[PDB]
Amino acid sequence: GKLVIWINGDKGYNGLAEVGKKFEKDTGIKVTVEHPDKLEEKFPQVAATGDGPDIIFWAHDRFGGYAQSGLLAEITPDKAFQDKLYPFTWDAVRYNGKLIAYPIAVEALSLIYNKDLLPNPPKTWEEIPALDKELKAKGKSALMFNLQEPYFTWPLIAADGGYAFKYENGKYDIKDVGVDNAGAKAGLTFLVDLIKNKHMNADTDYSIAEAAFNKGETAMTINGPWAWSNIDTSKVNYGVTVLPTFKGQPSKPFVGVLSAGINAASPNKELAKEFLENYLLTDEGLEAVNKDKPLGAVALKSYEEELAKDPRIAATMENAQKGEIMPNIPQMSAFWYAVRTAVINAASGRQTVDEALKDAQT
């Protein structure tokens with residue numbers, strides 16, 4: 001008779017509670033929003049026993065596994081409602097040919113540049129090696145971003161053909177991995193060339209890049225919305241824009257889709273569908289959630305146009321559309337363990353790009 005919703009503690013759960021209050025006003029149904037500790041693990045264990053919340057909020061990548069275990073119920077949005085969200089957001093919530101969650105928010109990396117040092121950021125990766133030489137003459141550096149995580153280096157590596165798992169007919173082919181194809185080889189060759197020519201340092205990590213950019217030492221970095229707040233505290237006159245292209249092809253950052261799934265053990269699935277479609281996934285509900293804690297870019301077209309008036313969210317959405325949707329299969333774990341090693345080995349000069357990428361292929 002009631003709705004119980006779980007959402008991570010870093011999200012605007014108070015705005016979601018306000019949306020639940022509006023739902024209660026319109027229907028009388030009490031909506032209880034919670035932010036349990038250790039939600040990521042907590043949800044699957046409780047759901048496996050037929051318990052847990054009616055609605056669960058999380059990145060789409062995990063939901064696929066939840067769909068394999070039968071913890072998520074198939075959603076039934078009509079064509080009219082499906083037309084309200086960007087198709088690529090729907091692509092992120094598809095498992096075994098069925099929709100298993102409602103896309104809520106879109107998240108992807110973007111190029112953050114210092115306007116004072118770089119009023120006109122480069123549109124191509126090939127411009128960076130020369131652009132750096134200029135800034136080095138002034139005691140600055142063109143670009144510094146986390147190289148320790150594949151999540152940050154993949155956009156350049158997979159710009160011209162690279163991909164984690166082939167995706168077709170709403171299905172991932174785990175036997176088709178494009179780690180060691182020509183595009184990935186060219187991308188990592190460019191990255192290691194940047195390292196070799198001293199335009200970049202192999203040991204640079206998240207902390208070093210963040211400190212360098214926020215102190216005005218480097219003209220550019222690559223980061224997502226989560227870092228914006230820190231930059232705001234630094235008072236750097238910064239802008240967020242699209243990632244540079246490689247060989248004329250857009251950089252393909254991983255796209256994280258915050259989605260809402262319906263518990264398979266929920267006897268109140270119609271109420272969850274009503275709340276999500278007619279109350280949350282609207283301009284008013286998304287605005288209410290946004291006012292508490294920003295969602296960045298959103299899957300709903302109507303509110304996305306309003307949010308895009310700020311160039312930062314517009315750049316985030318444009319990068320996400322050109323990016324690669326995060327696969328929702330467990331095999332990605334191995335991928336994370338594989339390419340990482342390659343980037344560690346290829347960047348260190350100990351292994352060739354061919355060698356490293358072929359070893360990470362298997």
# chains A, B, ... in the order shown; residues from 1 in each chain; ligands from 1
call {"tool": "residues_around", "arguments": {"residues": "residue A:75", "least_positions_apart": "2", "cutoff": "7 Å", "atoms": "only C-alpha atoms", "output": "list in words"}}
result
residues 73, 77, 99, 100 and 101 of chain A
call {"tool": "select_by_dssp", "arguments": {"residues": "stretch 12-226 of chain A", "states": "strand (DSSP E or B)", "output": "MDAnalysis selection string"}}
result
chainID A and resid 31:34 55:59 72 85 94:95 98:99 101:107 110:114 124 141:143 163 166:168 171:173 178 218:223
call {"tool": "atom_distance", "arguments": {"atom1": "atom CA of residue A:159", "atom2": "atom CA of residue A:230"}}
result
28.3 Å
call {"tool": "residues_around", "arguments": {"residues": "stretch 282-293 of chain A", "least_positions_apart": "4", "cutoff": "12 Å", "atoms": "only C-alpha atoms", "output": "ChimeraX atom specification"}}
result
/A:7-23,81,84-85,103-105,225-226,229,274-278,297-307
call {"tool": "write_last_selection", "arguments": {"atoms": "C-alpha atoms", "output": "tab-separated table (two decimals), in the first residue's frame"}}
result
chain	number	residue	atom	x	y	z
A	7	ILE	CA	18.90	6.11	-2.84
A	8	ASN	CA	22.58	6.66	-2.15
A	9	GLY	CA	23.56	9.19	0.49
A	10	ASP	CA	25.38	11.45	-1.98
A	11	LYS	CA	22.14	12.09	-3.92
A	12	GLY	CA	19.43	14.63	-3.22
A	13	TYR	CA	17.26	12.34	-1.11
A	14	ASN	CA	15.47	15.36	0.39
A	15	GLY	CA	14.25	16.48	-3.02
A	16	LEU	CA	13.13	12.92	-3.69
A	17	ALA	CA	11.30	13.04	-0.36
A	18	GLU	CA	9.59	16.24	-1.51
A	19	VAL	CA	8.51	14.46	-4.71
A	20	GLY	CA	7.19	11.65	-2.52
A	21	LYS	CA	5.26	14.21	-0.47
A	22	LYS	CA	3.70	15.54	-3.68
A	23	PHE	CA	2.79	11.98	-4.67
A	81	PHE	CA	6.76	8.09	-22.39
A	84	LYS	CA	10.32	11.73	-23.48
A	85	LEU	CA	13.83	10.38	-22.76
A	103	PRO	CA	16.89	6.34	-16.65
A	104	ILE	CA	17.16	9.35	-14.34
A	105	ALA	CA	20.52	11.09	-14.78
A	225	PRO	CA	30.69	16.81	-12.48
A	226	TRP	CA	31.78	15.54	-9.06
A	229	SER	CA	32.35	21.88	-6.55
A	274	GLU	CA	3.04	5.80	-11.56
A	275	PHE	CA	5.40	7.62	-9.20
A	276	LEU	CA	8.38	7.33	-11.53
A	277	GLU	CA	6.63	8.17	-14.80
A	278	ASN	CA	4.15	10.85	-13.74
A	297	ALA	CA	22.61	16.11	-16.96
A	298	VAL	CA	19.25	14.33	-16.97
A	299	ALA	CA	17.70	11.80	-19.34
A	300	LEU	CA	14.35	13.62	-19.55
A	301	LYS	CA	14.50	15.81	-22.65
A	302	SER	CA	12.25	18.60	-21.37
A	303	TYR	CA	14.23	19.30	-18.20
A	304	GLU	CA	17.51	18.58	-19.99
A	305	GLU	CA	16.92	21.56	-22.29
A	306	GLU	CA	16.41	23.81	-19.26
A	307	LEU	CA	19.51	22.45	-17.52
call {"tool": "residues_around", "arguments": {"residues": "residue A:253", "least_positions_apart": "6", "cutoff": "12 Å", "atoms": "only C-alpha atoms", "output": "PyMOL selection string"}}
result
chain A and resi 107-111+150-159+162-164+222-224+242-245+316-326
call {"tool": "write_last_selection", "arguments": {"atoms": "N, CA, C and O atoms", "output": "compact mmCIF listing (two decimals), in the first residue's frame"}}
result
# COMPACT_ATOMS: atom_id res chain seq x y z
N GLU A 107 25.82 10.88 -16.71
CA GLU A 107 27.08 11.35 -16.17
C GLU A 107 28.22 10.88 -17.06
O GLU A 107 28.27 9.70 -17.45
N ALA A 108 29.14 11.79 -17.38
CA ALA A 108 30.29 11.45 -18.22
C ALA A 108 31.38 12.49 -18.00
O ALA A 108 31.14 13.58 -17.48
N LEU A 109 32.59 12.12 -18.42
CA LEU A 109 33.73 13.02 -18.29
C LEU A 109 33.63 14.17 -19.28
O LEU A 109 32.97 14.07 -20.32
N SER A 110 34.30 15.27 -18.95
CA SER A 110 34.35 16.46 -19.79
C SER A 110 35.69 17.15 -19.62
O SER A 110 36.40 16.94 -18.63
N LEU A 111 36.03 17.99 -20.59
CA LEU A 111 37.30 18.72 -20.59
C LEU A 111 37.11 20.03 -19.84
O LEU A 111 36.34 20.89 -20.27
N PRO A 150 41.81 3.39 -15.77
CA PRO A 150 41.37 3.30 -17.17
C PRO A 150 40.14 4.14 -17.47
O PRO A 150 39.93 4.53 -18.62
N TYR A 151 39.32 4.42 -16.45
CA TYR A 151 38.12 5.23 -16.67
C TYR A 151 38.47 6.59 -17.26
O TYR A 151 37.63 7.21 -17.93
N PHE A 152 39.69 7.07 -17.02
CA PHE A 152 40.10 8.38 -17.50
C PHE A 152 40.86 8.32 -18.82
O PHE A 152 40.80 9.28 -19.60
N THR A 153 41.59 7.23 -19.08
CA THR A 153 42.38 7.12 -20.29
C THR A 153 41.62 6.48 -21.45
O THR A 153 42.01 6.67 -22.61
N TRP A 154 40.55 5.74 -21.16
CA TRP A 154 39.79 5.08 -22.22
C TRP A 154 39.27 6.05 -23.28
O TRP A 154 39.30 5.69 -24.47
N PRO A 155 38.77 7.24 -22.94
CA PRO A 155 38.22 8.12 -24.00
C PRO A 155 39.18 8.36 -25.15
O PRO A 155 38.75 8.36 -26.31
N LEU A 156 40.46 8.57 -24.86
CA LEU A 156 41.44 8.75 -25.93
C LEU A 156 41.80 7.43 -26.58
O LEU A 156 41.97 7.36 -27.81
N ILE A 157 41.91 6.36 -25.79
CA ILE A 157 42.32 5.07 -26.33
C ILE A 157 41.29 4.56 -27.33
O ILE A 157 41.64 4.14 -28.44
N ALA A 158 40.01 4.61 -26.97
CA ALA A 158 38.94 4.04 -27.78
C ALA A 158 38.27 5.06 -28.69
O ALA A 158 37.15 4.82 -29.14
N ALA A 159 38.93 6.19 -28.97
CA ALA A 159 38.31 7.21 -29.80
C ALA A 159 38.09 6.71 -31.23
O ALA A 159 37.06 6.99 -31.84
N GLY A 162 38.22 1.63 -30.49
CA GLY A 162 38.24 0.82 -29.29
C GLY A 162 36.87 0.67 -28.67
O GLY A 162 36.00 1.54 -28.78
N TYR A 163 36.67 -0.46 -28.01
CA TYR A 163 35.44 -0.72 -27.27
C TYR A 163 35.68 -1.86 -26.30
O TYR A 163 36.56 -2.71 -26.52
N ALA A 164 34.89 -1.88 -25.23
CA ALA A 164 35.02 -2.91 -24.21
C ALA A 164 34.41 -4.22 -24.68
O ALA A 164 35.10 -5.24 -24.78
N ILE A 222 40.74 16.61 -17.30
CA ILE A 222 39.58 15.83 -17.72
C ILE A 222 38.91 15.29 -16.47
O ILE A 222 39.53 14.55 -15.70
N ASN A 223 37.64 15.65 -16.27
CA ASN A 223 36.94 15.25 -15.06
C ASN A 223 35.44 15.36 -15.27
O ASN A 223 34.97 15.98 -16.22
N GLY A 224 34.70 14.74 -14.36
CA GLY A 224 33.26 14.76 -14.39
C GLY A 224 32.67 15.79 -13.45
O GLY A 224 33.39 16.59 -12.84
N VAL A 242 33.55 19.89 -24.52
CA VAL A 242 33.65 18.54 -25.07
C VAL A 242 35.09 18.06 -25.00
O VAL A 242 36.04 18.85 -24.99
N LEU A 243 35.26 16.74 -24.96
CA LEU A 243 36.59 16.16 -24.98
C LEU A 243 37.20 16.32 -26.37
O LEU A 243 36.48 16.31 -27.38
N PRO A 244 38.52 16.48 -26.47
CA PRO A 244 39.14 16.65 -27.79
C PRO A 244 38.96 15.40 -28.65
O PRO A 244 38.90 14.28 -28.15
N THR A 245 38.87 15.62 -29.96
CA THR A 245 38.74 14.53 -30.91
C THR A 245 40.11 13.95 -31.25
O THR A 245 41.14 14.62 -31.15
N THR A 316 28.51 18.13 -20.59
CA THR A 316 28.41 16.79 -20.01
C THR A 316 27.49 15.91 -20.85
O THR A 316 27.84 14.76 -21.18
N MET A 317 26.32 16.42 -21.22
CA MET A 317 25.39 15.65 -22.03
C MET A 317 25.97 15.34 -23.40
O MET A 317 25.81 14.22 -23.90
N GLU A 318 26.62 16.31 -24.04
CA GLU A 318 27.17 16.07 -25.37
C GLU A 318 28.25 15.00 -25.31
O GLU A 318 28.33 14.13 -26.19
N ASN A 319 29.10 15.04 -24.28
CA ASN A 319 30.11 14.00 -24.11
C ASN A 319 29.46 12.64 -23.86
O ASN A 319 29.91 11.62 -24.39
N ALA A 320 28.41 12.61 -23.04
CA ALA A 320 27.74 11.34 -22.74
C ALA A 320 27.13 10.74 -24.00
O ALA A 320 27.22 9.52 -24.22
N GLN A 321 26.50 11.56 -24.84
CA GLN A 321 25.90 11.05 -26.06
C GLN A 321 26.96 10.46 -26.99
O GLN A 321 26.71 9.44 -27.64
N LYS A 322 28.13 11.08 -27.06
CA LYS A 322 29.22 10.57 -27.88
C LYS A 322 30.03 9.48 -27.19
O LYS A 322 30.89 8.87 -27.82
N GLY A 323 29.77 9.22 -25.91
CA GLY A 323 30.53 8.26 -25.14
C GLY A 323 30.02 6.84 -25.32
O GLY A 323 29.09 6.56 -26.08
N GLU A 324 30.65 5.93 -24.59
CA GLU A 324 30.29 4.51 -24.60
C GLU A 324 29.52 4.21 -23.32
O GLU A 324 30.00 4.48 -22.22
N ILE A 325 28.32 3.64 -23.47
CA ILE A 325 27.52 3.28 -22.31
C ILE A 325 28.26 2.21 -21.51
O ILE A 325 28.76 1.23 -22.06
N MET A 326 28.33 2.41 -20.20
CA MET A 326 28.99 1.46 -19.33
C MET A 326 28.29 0.11 -19.41
O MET A 326 27.09 0.02 -19.10
call {"tool": "residues_around", "arguments": {"residues": "stretch 338-345 of chain A", "least_positions_apart": "5", "cutoff": "8 Å", "atoms": "only C-alpha atoms", "output": "JSON, numbers by chain"}}
result
{"A": [148, 149, 150, 179, 188, 350, 351, 352, 353, 356, 357, 359, 360, 361]}
call {"tool": "write_last_selection", "arguments": {"atoms": "C-alpha atoms", "output": "short mmCIF file (atom, residue, chain, number, x, y, z; two decimals), in the first residue's frame"}}
result
data_model
loop_
_atom_site.label_atom_id
_atom_site.label_comp_id
_atom_site.auth_asym_id
_atom_site.auth_seq_id
_atom_site.Cartn_x
_atom_site.Cartn_y
_atom_site.Cartn_z
CA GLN A 148 46.08 5.73 -12.97
CA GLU A 149 42.49 4.68 -13.79
CA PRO A 150 41.37 3.30 -17.17
CA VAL A 179 40.84 -3.88 -26.70
CA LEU A 188 47.41 4.41 -26.55
CA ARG A 350 58.23 -1.81 -20.39
CA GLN A 351 55.64 -3.24 -22.80
CA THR A 352 54.69 -2.28 -26.34
CA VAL A 353 51.18 -1.10 -27.15
CA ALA A 356 50.01 -4.76 -23.67
CA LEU A 357 46.70 -4.52 -25.52
CA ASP A 359 47.62 -9.31 -23.24
CA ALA A 360 44.68 -7.27 -21.92
CA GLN A 361 42.50 -8.69 -24.71
#
